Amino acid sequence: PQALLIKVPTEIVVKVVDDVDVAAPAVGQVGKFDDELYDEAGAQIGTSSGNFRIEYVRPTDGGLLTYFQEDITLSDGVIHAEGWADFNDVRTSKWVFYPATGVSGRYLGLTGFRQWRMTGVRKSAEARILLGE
């Protein structure tokens, strides 16, 4: 279109394999995730599969700067997303984001941002994908 916002009020982590030290996350820890994405009516709209690696400690604030990559498969196309987030935000239920690129279907040509936040709820996040032409 010109601009598209996909709201993902619930994103469930259906599989996570990682070596992240709970409470004490550190450089070199990695994770793989498979998620299911649901719209405002509770209908599954897609899945995502991605991974991450904690890469470095940001000296300004002690952030654990982590590099995420994922492919988000929706019913009418696929969106790649990758970039940086502070794992200290991840684990304190603060929003993180990184660039997103539509790679097929409806989303080809569109670019923007993938955003998500882990919520109070076990293995659950909320997310948003904002794209434009």
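The first residue of the shown sequence is 1; numbering continues from there.
- Could you check which stretch, 25 to 33 or 103 to 111, carries the larger mean CA temperature factor in the entry? Taking the mean B-factor of the alpha carbons in each, 25 to 33 is higher.
- Using the B-factors recorded in the PDB entry, average over the C-alpha atoms of 115 to 123 and of 7 to 15, then report which stretch comes out higher. The deposited B-factors put 115 to 123 ahead on the C-alpha mean.
- Ranked by Cα temperature factor within the chain, is residue 72 in the lowest third, the middle third or the highest third? It falls in the bottom third of the chain.
- Message: Using the temperature factors of the C-alpha atoms in this entry, rank residue 82 within its chain: lowest, middle or highest third.
- Response: Its C-alpha B-factor, which the entry lists for residue 82, ranks in the lowest third among residues of this chain.
- Task: Tell me, lowest, middle or highest third: where does the Cα B factor of residue 47 rank within its chain?
- Result: CA B-factor rank for residue 47: lowest third.
- Record-listed C-alpha B factor of residue 90: chain third: CA B-factor rank for residue 90: middle third.
- Compared with the other modelled residues in the chain, in which third is the CA B-factor of residue 54? Residue 54: CA B-factor falls in the middle third of its chain.
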